[PDB]
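Chains as they are written, first to last, in the deposited numbering: chain B, 4 to 80; chain C, 6 to 79; chain A, 6 to 79; chain D, 5 to 79.
The structure under discussion appears below in the form of structure tokens.
Quick look at the structure:
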């Protein structure tokens with residue numbers, strides 16, 4: 004019935020935010036549609052999605068690491 | 006840069022700090038975002054939310070959810 | 006000038022001086038770097054690490070382990 | 005899963021002593037963790053392909069310092 008809702012901001016908004024918007028469609032097609040699943044990505048998943056440039060992998064891996072720290076912060080609730 | 010995410014109505018309630026109403030939502034049958042996105046004040050009163058501040062918080066969070074769903078469909 | 010090799014989850018805990026949690030990890034099923042590299046704070050708490058200093062040490066060490074796995078996959 | 009056996013890789017060790025041209029020779033021979041590199045002797049450095057005297061010396065004095073460092077942490 005309605006669009007999935009899993010976070011206040013969308014994965015797309017995040018990719019646009021860090022200037023990685025060129026990967027929106029790659030990420031979606033591959034099912035990495037929520038921060039919950041993006042926060043578990045490793046280099047091999049980013050490669051599979053199609054991020055081959057080192058600078059872009061570093062940027063996306065850095066955001067994934069911030070997502071995990073923020074999640075670990077809340078969990079220490 | 007807020008990466009807060011949730012997979013269920015319970016976690017969404019904990020994310021907007023309204024976790025005290027988890028069981029009342031679940032008991033009344035509000036278990037999916039499909040239905041939570043359509044809730045009005047009457048439903049909010051039906052599950053026991055009586056503080057004005059909590060009622061606004063939950064309704065504004067429903068409105069924010071609807072806006073997100075509505076861009077998506079766009 | 007740090008040549009800390011280690012082949013087991015137990016050896017890694019001892020290397021980072023968190024040997025006191027060796028059994029806890031084991032009894033909860035955290036027996037391979039493959040699952041340890043995926044641990045979050047809920048897992049750290051499940052294996053009984055309550056001190057904030059230990060929690061940070063372990064999580065940062067996991068953060069460092071993932072980065073190395075990520076390089077190698079590069 | 006890229007098997008984790010240290011906070012540092014043998015590869016970074018080799019680059020640090022400017023012996024990086026031997027990275028893949030070390031990897032192929034399975035000299036991929038420090039506890040194994042710390043046990044290499046001249047015959048292992050030769051099997052790997054290091055033939056220049058200066059490089060053998062650099063790599064062996066380095067392995068010697070590594071053992072001295074492991075032997076202290078062991079005390």
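For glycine and all other residues, C-beta sits at the position ideal for the given N, C-alpha and C.
Contact with chain A by residue i, beta-carbon distance below 8 Å
i	result
residue 37 of chain D	yes
residue 28 of chain B	no
residue 32 of chain B	no
residue 78 of chain B	yes
Cβ-based neighbour list, residue i, same chain, cut-off 7 Å, excluding 5 preceding and 5 following
i	result
residue 60 of chain B	46, 49, 54
residue 18 of chain D	24, 26, 27, 30
residue 71 of chain B	42
residue 63 of chain B	23, 49, 54
residue 52 of chain A	26, 29, 30, 33, 35
residue 58 of chain A	none
Minimum Cβ-Cβ distance from residue i to chain B less than 8 Å
i	result
residue 12 of chain C	yes
residue 74 of chain A	yes
Interface flag, residue i vs chain C, CB-CB below 8 Å
i	result
residue 69 of chain B	yes
Residues near residue i in its chain [Cβ-Cβ closer than 8 Å; skip 5 each side]
i	result
residue 9 of chain C	20
residue 69 of chain B	none
residue 80 of chain B	none
residue 7 of chain B	36, 37
residue 56 of chain B	none
Within-8 Å CB hit, residue i to chain F
i	result
residue 52 of chain B	In the displayed structure, chain F is absent; the protein chains listed are B, C, A and D.
Assumed close pair residue i, residue j - CB separation to whole angstroms, cut-off 8 Å
i	j	result
residue 74 of chain B	residue 42 of chain B	6 Å
residue 12 of chain C	residue 39 of chain B	6 Å
residue 77 of chain C	residue 44 of chain C	Residue 77 of chain C to residue 44 of chain C, Cβ: 19 Å. No contact.
Cβ of residue i within 8 Å of any chain D Cβ
i	result
residue 15 of chain A	no
Sequence-distant residues of the same chain with beta carbon closer than 6 Å to residue i, five excluded per side
i	result
residue 35 of chain A	41
residue 5 of chain D	none
residue 15 of chain B	27
residue 65 of chain D	none
Quiz item: What alpha helix (DSSP H) runs, 4 residues minimum, are completely inside the segment 26-64 of chain D?
Solution: The segment 26-64 of chain D contains these whole alpha helix (DSSP H) runs: 27-32, 38-41, 46-52.
Quiz item: When you check each C-beta in the segment 42-63 of chain D against every C-beta of chain A, which residues fall closer than 9 Å?
Solution: Cβ contacts with chain A come from 42.
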